[PDB]
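J.:
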Amino acid sequence: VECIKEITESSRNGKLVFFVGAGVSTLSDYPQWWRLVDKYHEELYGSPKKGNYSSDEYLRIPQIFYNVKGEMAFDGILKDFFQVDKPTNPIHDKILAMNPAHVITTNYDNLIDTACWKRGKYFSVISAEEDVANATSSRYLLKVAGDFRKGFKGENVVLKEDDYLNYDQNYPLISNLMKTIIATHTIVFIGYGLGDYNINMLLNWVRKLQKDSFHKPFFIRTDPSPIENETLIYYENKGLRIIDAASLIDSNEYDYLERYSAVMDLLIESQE
Amino acid sequence: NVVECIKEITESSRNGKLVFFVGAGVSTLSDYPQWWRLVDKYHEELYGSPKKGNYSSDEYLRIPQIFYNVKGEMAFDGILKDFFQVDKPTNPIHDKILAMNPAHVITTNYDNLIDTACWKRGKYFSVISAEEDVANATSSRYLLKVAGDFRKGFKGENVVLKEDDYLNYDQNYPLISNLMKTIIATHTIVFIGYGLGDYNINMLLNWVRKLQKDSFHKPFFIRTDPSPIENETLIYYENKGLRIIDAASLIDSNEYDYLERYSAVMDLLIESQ
Amino acid sequence: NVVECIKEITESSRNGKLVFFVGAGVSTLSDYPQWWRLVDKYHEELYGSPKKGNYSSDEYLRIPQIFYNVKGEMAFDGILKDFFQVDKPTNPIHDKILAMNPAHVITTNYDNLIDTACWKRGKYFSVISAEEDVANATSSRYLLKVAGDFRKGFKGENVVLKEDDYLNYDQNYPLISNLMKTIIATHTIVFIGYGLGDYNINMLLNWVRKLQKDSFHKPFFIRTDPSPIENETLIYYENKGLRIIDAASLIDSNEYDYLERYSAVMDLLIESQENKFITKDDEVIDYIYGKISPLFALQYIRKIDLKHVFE
Amino acid sequence: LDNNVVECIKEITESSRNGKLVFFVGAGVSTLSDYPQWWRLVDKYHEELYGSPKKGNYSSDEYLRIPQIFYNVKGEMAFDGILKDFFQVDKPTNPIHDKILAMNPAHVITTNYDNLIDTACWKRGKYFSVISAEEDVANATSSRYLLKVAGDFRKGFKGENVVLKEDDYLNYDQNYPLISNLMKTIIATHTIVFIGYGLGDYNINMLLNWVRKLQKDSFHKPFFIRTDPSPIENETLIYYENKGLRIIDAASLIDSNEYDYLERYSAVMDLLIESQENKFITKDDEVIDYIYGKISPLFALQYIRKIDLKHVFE
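Protein chains in written order, with the working numbering: chain A, -7 to 264; chain B, 373 to 645; chain C, 253 to 563; chain D, 49 to 362.
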């Protein structure tokens, strides 16, 4: 009951920030990225993936589709799948009820963005580098991968593998500013599994932080399998406190929203 | 133009987006021991006699680092207590800066001369000295001591003074490094208390050329040097991102009339608002 | 093409400028226990039994590190001492590698198989496995075991296996990276037994991007996979600095028969060196010329020395 | 030569006969050949920039940053024009260059950007593969390197080819990624004698900042020849010996003029050459040291011919 208290304890002080991931941009029925990787496969090779493709998703096929297939043609398919519109899930309604001071997100839609002005809270979107200094408020929104706000082109969204190495060089301020928000506030994660690109790239950055010098983050597991005794004790050392929805409600193998809205209802009921 | 620089500094003063990157020359006025003095006592207690003329590069930039390894740590902090355990008054400069309503005050100085001046007025800045202070803060308003404070004690582990600590600083203070360059892009920076050719000035311009073409609020340089700035040096440091404001171009003063040149550039900021 | 790659591997073998980069895909033609059989054993002391699921990589990387943290470092050492005290033979690939006459052999392997094949011929190789052996070396031919080796203990500290060992490789082993990278820029590097996605290959291709345009020679990648390569993947990796000789694009074999593909390239290199393809009778008036056109700068050559000219 | 000098030359000469000695030549060896110095171009780039020559008492921050200012303000063709006026000379070879090459080194690394060690090697007739740029490591003609780590002027008297500005020393590990790595292979695998430096030079400090990162005993400590006018201070000798330098002091072997640098270079460099003829066996338990060093390998054999032992004792 300690971890359910401190999240609400930071809510009254207004020192709470959320980290928002792609396990939530499927409950609003926005396209998962491997639908593109499926298309990236069959427009480069010529025939679909009858077998299980391995080391192509975030690895080899979007990168090769940018330069072998064509540069403007990489964004010709991006506008074909991301000039869409999808309805806001209750998770974007349930998170905002906890009054986040900022929201960091690796997602690149306008679906955490269509939930904010449709409530009445003012966040300024810092998604690119000309957005960092040029800001309108101290209550700013941080999209670390980008968004299509400047246009429907490839160089505004981090998708290839020629962008997940020189992200700490081509986007230098956002990468600095994201670390700053972790350093003052308290960070809550959502929609990730243990072992993405960005849960390990941050806890490699956390090893470069000294002892008793940061707030240990909040990572809620919404995978319908239970938590092991082993994998739990491992990620206690890398810095993570785990609140498990799977140890809270018994749900189906595909009842995702029954697990995501479970812990969100566990917070808002514990607000007062 | 000198007017155009003030209209932006006053605009960030009115909008609350003004931060003064505090130098050491604003604390050399208050009779606080300048660091060339400690280099002498580290030189004289180690080589027996002091060196005449000018110091060598391994004897000016490395002679405390030679002193710390050869002599030790109890005798290294034995000298730091002898010069820095004093009581001093604040400048008239320490009255014009806090009255410009700063958001954050970023210092390089290891003394409570810009710090106790805040406690005299109603401005409440939180001293960020150690690495714990970013998460243990109780404010959104920060006194970012990027070099350290003697608040824990008179030990030399708390201030970056040696030669390996201008190199192990990115490994022993990683968030304060991240928190400083946050404020440089968001807030507007004014450099008061340095000279072009200082160490910590040229590290920031290295971080400047890493950034994009128009990604930052290109800061201002308040030159309190006795000489006038040369036109060649003016174009060079400005193209690296430092709008130079010189006291010697505005007023004419003597070769040791420092505090007038320190105050007159701040007289064009208090009277302008 | 295959044919120009055949030449540049041969006439770099005749100059003391050929270095192989030997992987785990030819230690198991000599049938040495693979690493996925270890991580199945580590999965059974921590968990019950491996419900496989085709091994998503987030378990495939962490499971040696988890049993390291929980059980103790003593148990991590004896399991290696269980699975790797096996005393296996040498395949014909090792004999064909050394008959291609290497200056050095770099290897990601923690076995002792290539050193024993190097001891059995008339050439000595200075084994470097640890960090200390760089200065206390012997004779400028190096068997460079960049992943560590069990030549001084079956403890887990000597070899890099975990995930605290991949990201601390530049800290713990600074001199074994510098000597690995010096051989690559100098010599002609051929890879043996990798699969184009590897922590030992993609960490090399990121260092090669940091170099200039023509400041290096492009390494050769002998690829032995059962399904042949596609042209676009051959475009992407030739653009990154790998000249890939594919073994499936020269012979045809079953999807489980490896030694035929590994030898169809190595016989193609050695029998190019040991000259077996000479026809049309104007190919003999430039094999003999290339051995005698140096000797036009001498007025007379002893007839006992012309046997050493023609090898 | 009481204890440290006779133990240092017992290691340098025991690496010279193994082909495992590498000399690291600085600018204070080519300054003896009166080749123009780099103070003479900062003051030149001060007077074409600030109008008048500087007074002196010169700050280091106005030293390193001024030839960049002559580049950023006066352009590029002005920068490499004065290099064609103060470096485009012919100078002769001094006899420390011959005393280096008499030691038969495996490599020679240099921070010099003149071809004076490069004209002292075709004069004596020594074939070094000269690596001055990055495109010369994969095109090495021999196994024996003349590695000019700060560049050279063989492709022309342009500043693209030599490290001189202050934007060059911050892009050294990204514009020269293979010269820097080949140098540290030589420091790891050979015995390094430094000659021509001053214990606070930028190269020697940026090379002892690398050897701290290495393990506690992986490297051998490089040697250092100090030819400074004043005797070395034992606080300075304690500091660099706990950092990766054995310091042979030339001002504690002879005693010559405060402005005659040639005597102190020639002191140690003639002491090393003459010390290959052993002259170390003067104690009766040092005679038995030498003889055990030649014979006790042959205990693996069971009998030796008496005419084979003329080959054992050289």
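The beta carbon of each residue, even a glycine, is placed where N, CA and C say it ideally should be.
Check whether the Cβ of B:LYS582 lies closer than 8 Å to any Cβ atom in chain A.
T.: Judged by the 8 Å Cβ criterion, B:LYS582 is in contact with chain A.
J.: Helix, strand or coil: which one does DSSP assign to D:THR158?
T.: The answer is strand: DSSP assigns D:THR158 an E or B state.
J.: Of the residues that make up the stretch 571 to 595 of chain B, which ones have a beta carbon closer than 8 Å to any beta carbon in chain A?
T.: Listed in sequence order: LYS582, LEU583, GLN584, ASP586, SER587, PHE588 and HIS589.
J.: For B:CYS490 and B:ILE478, what's the separation of their Cα atoms in angstroms?
T.: Approximately 13 Å, taken between the alpha carbons.
J.: Listed in chain order, which residues of the stretch -6 to 5 of chain A have Cβ atoms closer than 8 Å to some Cβ of chain B?
T.: So nothing in the stretch comes that close.
J.: So which of A:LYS86, A:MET64 and A:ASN44 has the shortest CA-CA distance to A:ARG251?
T.: Here the closest residue by C-alpha is A:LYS86.
J.: Tell me, please, whether the CB atom of D:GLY76 is closer than 8 Å to any CB atom in chain B?
T.: No, because no Cβ of chain B sits closer than 8 Å to the Cβ of D:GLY76.
J.: Considering A:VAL29, what are the terminal residues of the alpha helix (DSSP H) in which it resides?
T.: Its alpha helix (DSSP H) spans residues 26 to 36.
J.: Anything in chain B within Cβ reach of D:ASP109, meaning under 9 Å, just list it in chain order.
T.: Under the 9 Å cutoff, chain B gives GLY567, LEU568, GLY569, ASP570, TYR571 and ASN574.
J.: Report the option in B:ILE642, B:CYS377 and B:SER399 whose CA atom is closest to the CA atom of B:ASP459.
T.: Of B:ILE642, B:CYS377 and B:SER399, the residue nearest in Cα terms is B:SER399.
J.: Would you mind telling me which residues of chain D sit closer than 7 Å to B:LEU418, beta carbon to beta carbon, in chain order?
T.: In chain order: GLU283.
J.: What do you reckon, are the CB atoms on A:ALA120 and A:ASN158 nearer than 8 Å?
T.: No.
J.: Helix, strand or coil for A:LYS135, going by three-state DSSP, please let me know.
T.: If DSSP states are grouped into helix, strand and coil, A:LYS135 belongs with the strands.
J.: Could you tell me whether the Cβ of B:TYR608 comes closer than 8 Å to any Cβ of chain D?
T.: Closer than 8 Å to some Cβ of chain D, the Cβ of B:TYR608 qualifies, so yes.
J.: Who pairs with D:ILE179 in a beta bridge, going by DSSP?
T.: Per DSSP, D:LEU195.
J.: Between D:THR167 and C:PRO546, what straight-line distance do the alpha-carbon atoms span, to the nearest angstrom?
T.: The alpha-carbon atoms of D:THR167 and C:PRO546 are separated by roughly 28 Å.
J.: With DSSP as the reference, label D:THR61 as helix, strand or coil.
T.: If DSSP states are grouped into helix, strand and coil, D:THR61 belongs with the helices.
J.: Is it buried or exposed for C:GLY300, if we count other Cβ within 10 angstroms and need 16 for buried?
T.: With fewer than 16 other Cβ atoms within 10 Å, it is exposed.
J.: So which residues on chain D does B:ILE548 lean against when the C-beta distance must stay under 7 Å?
T.: Chain D residues near B:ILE548: none, gap ~23 Å exceeds 7 Å.
J.: Can you name the residues that DSSP bridges to B:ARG615?
T.: Looking at the DSSP assignment, B:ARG615 forms a beta bridge with B:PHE592.
J.: Under 8 Å by Cβ, that's how I've got C:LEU313 and C:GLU415 pegged, so tell me the actual separation to the nearest angstrom.
T.: Confirmed, Cβ separation roughly 5 Å.
J.: Should C:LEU419 be flagged as near chain A, meaning a C-beta pair shorter than 8 Å?
T.: By this cut-off, C:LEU419 is an interface position.
J.: With distance defined between alpha-carbon atoms, name the residue in A:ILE56, A:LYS71, A:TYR132 and A:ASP48 nearest to A:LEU8.
T.: The option with the nearest alpha carbon to A:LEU8 is A:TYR132.
J.: Starting from D:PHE127, trace the alpha helix (DSSP H) in both directions and tell me its first and last residue.
T.: Counting along the chain, the alpha helix (DSSP H) containing D:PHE127 begins and ends at 127 to 134.
J.: What are the uninterrupted segments assigned as beta strand (DSSP E) that are 3 or more residues long and contained completely in the stretch 510 to 575 of chain B, given in chain order?
T.: Fully enclosed beta strand (DSSP E) runs of 3 or longer: 514 to 517 and 560 to 564.
J.: Taking the beta carbon of D:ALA298 as the centre, do at least 16 other beta carbons fall within 10 Å, making it buried, or is it exposed?
T.: Buried, by the Cβ-count rule.
J.: Between the stretch 450 to 462 of chain C and the stretch 280 to 290 of chain C, do three or more beta carbon pairs fall short of 8 Å?
T.: At 8 Å Cβ cutoff, the stretches do not touch.
J.: Taking 8 Å as the threshold (beta carbon to beta carbon), is A:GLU245 in contact with chain B?
T.: Taking Cβ atoms only, chain B never reaches closer than 8 Å to A:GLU245, which makes this a no.
J.: Please list, in chain order, the chain C residues whose beta carbon lies closer than 9 Å to that of D:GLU208.
T.: Here the premise fails: no neighbours, minimum Cβ distance about 13 Å.
J.: Can the beta-carbon of D:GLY244 be found less than 8 Å from the beta-carbon of D:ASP276?
T.: The answer is no: Cβ separation not under 8 Å.
J.: Hey, how far is the Cα of D:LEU89 from the Cα of D:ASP216?
T.: So the alpha carbons of these two residues sit roughly 16 Å apart.
J.: Quick one: what does DSSP say C:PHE562 is sitting in, helix, strand or coil?
T.: Reduced to three states, the DSSP call for C:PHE562 is coil.
J.: Under 8 Å Cβ-Cβ, which residues of chain C neighbour A:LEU51?
T.: Result: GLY449.
J.: Taking a cut of 9 Å between CB atoms, which residues from the stretch 312 to 331 of chain C lie near chain A?
T.: Cβ contacts with chain A: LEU313, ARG314, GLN317, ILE318, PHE319, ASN321 and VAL322.
J.: Going by beta-carbon coordinates alone, are A:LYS(-3) and A:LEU36 separated by less than 8 Å?
T.: Cβ atoms of A:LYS(-3) and A:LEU36: not closer than 8 Å.
J.: What's the gap between the Cα of D:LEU357 and the Cα of D:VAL335?
T.: Taking the straight line joining both Cα atoms gives about 17 Å.
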